[PDB]
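Before we start, here is the structure in question, set down as structure tokens.
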Amino acid sequence: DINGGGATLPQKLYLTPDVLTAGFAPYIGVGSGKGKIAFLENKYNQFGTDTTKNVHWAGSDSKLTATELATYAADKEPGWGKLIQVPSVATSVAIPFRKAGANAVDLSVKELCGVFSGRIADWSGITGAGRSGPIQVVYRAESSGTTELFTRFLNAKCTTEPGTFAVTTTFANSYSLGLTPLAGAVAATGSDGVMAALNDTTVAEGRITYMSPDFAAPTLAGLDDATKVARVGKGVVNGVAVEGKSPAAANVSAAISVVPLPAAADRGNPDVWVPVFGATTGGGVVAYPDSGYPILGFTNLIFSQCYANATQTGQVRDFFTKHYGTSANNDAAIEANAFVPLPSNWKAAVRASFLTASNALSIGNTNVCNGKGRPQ
């Protein structure tokens with residue numbers, strides 16, 4: 001079997017029949033931090049107890065760090081080939097909450113920032129929401145790509161809190177003044193563990209969190225129910241009151257469509273393949289959009305260019321052919337699970353480097369992978 005796992009944000013997508021193609025074992029959702037370790041160190045123990053199995057790929061919504069990349073290049077690349085890091089799909093980060101009320105909850109960015117810094121501790125501080133009583137933040141206990149995507153937004157946009165939010169996979173380490181300002185914030189493990197805490201009816205109402213849109217509501221329609229999933233983006237633009245948007249994929253697709261391709265000359269560097277959003281556009285960073293739903297990013301795949309086993313090599317190529325295909329692809333499934341397909345130019349770029357046989361970066365390239373590859 002080809003063994004993969006990691007990020008929980010897209011786990012239900014990868015578990016959907018026929019999204020992963022022939023030869024792939026069922027995806028094991030354990031978090032992006034564990035997915036990166038599993039791949040980089042070939043440690044199946046991050047996925048399960050059968051450590052005779054080898055790891056072949058990971059899902060991650062946390063980018064590979066400079067240290068991770070350099071260590072793999074020195075330790076693993078000579079025998080296993082280059083690693084490949086590519087976007088899989090684009091995603092919003094949803095803000096589901098448990099607090100009854102007929103009114104739409106529509107967070108301004110300033111309000112969102114105050115909720116997650118602890119400055120706003122009561123629902124009455126959310127204008128127009130018609131709710132009052134304590135807010136309780138639920139967050140991911142472990143190294144999480146959802147946390148990275150979310151804190152990247154807070155770092156860029158929460159610019160008038162007492163403290164500042166650092167970009168991190170560990171939410172408890174983000175705010176400069178710590179979690180102490182929050183009263184009774186609750187940590188849970190996995191997208192599912194956080195949603196279970198959010199939905200726990202044995203505690204008082206008031207909980208709020210950040211979440212994969214595939215987990216944030218039971219169906220796509222539920223993402224548009226602003227009594228359960230917050231709109232974000234409420235404000236005033238050119239003198240006129242604007243409403244925020246739901247985290248439905250339709251509200252981030254336009255912004256995703258104009259994300260620049262990775263710089264051609266540097267496409268051998270896995271770091272350039274995953275765009276990150278930031279306050280301002282420039283130097284590889286893409287500005288968070290001023291229209292549509294504001295909190296977005298990419299979730300990614302990590303693969304090897306080379307596999308020791310030729311059948312596995314072919315099966316990996318078949319998966320890339322589908323997932324990045326012009327047609328006969330996974331786009332319908334991607335949308336059904338609340339995500340945004342990659343734009344056509346992005347699919348073409350991924351194919352041109354990693355599929356097209358003549359390219360030096362292509363999976364299973366006979367010249368590059370001659371006598372090399374990850375173990376089967």
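When the header is checked for method, it gives X-ray crystallography, 1.4 Å.
Note that Cβ sites are derived from N, Cα and C of the backbone, with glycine treated the same way.
Sharing the features that Swiss-Prot gives for it:
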type: DISULFID; residues: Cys113-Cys158; note: disulfide bond
type: DISULFID; residues: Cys306-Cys369; note: disulfide bond
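Please go over these features one by one and say how buried each is and what sits next to it.
The Cβ of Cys113 (disulfide bond) lies under 8 Å from the Cβ of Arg119, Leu154, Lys157, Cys158, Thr160, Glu161, each on the same chain and at least six residues away in sequence.
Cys369 (disulfide bond) falls within neither a helix nor a strand when secondary structure is assigned with DSSP, and so counts as coil. For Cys369 (disulfide bond), the Cβ neighbour count at a 10 Å cut-off comes to 21, with all displayed protein chains included.
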As a test of the contact definition, list every same-chain residue at least 6 positions from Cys306 (disulfide bond) whose Cβ is closer than 8 Å to its Cβ.
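Set apart from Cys306 (disulfide bond) by at least 6 residues yet with Cβ under 8 Å, we have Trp80, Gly81, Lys82, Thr313, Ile363, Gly364, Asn365, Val368, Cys369, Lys372, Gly373, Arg374.
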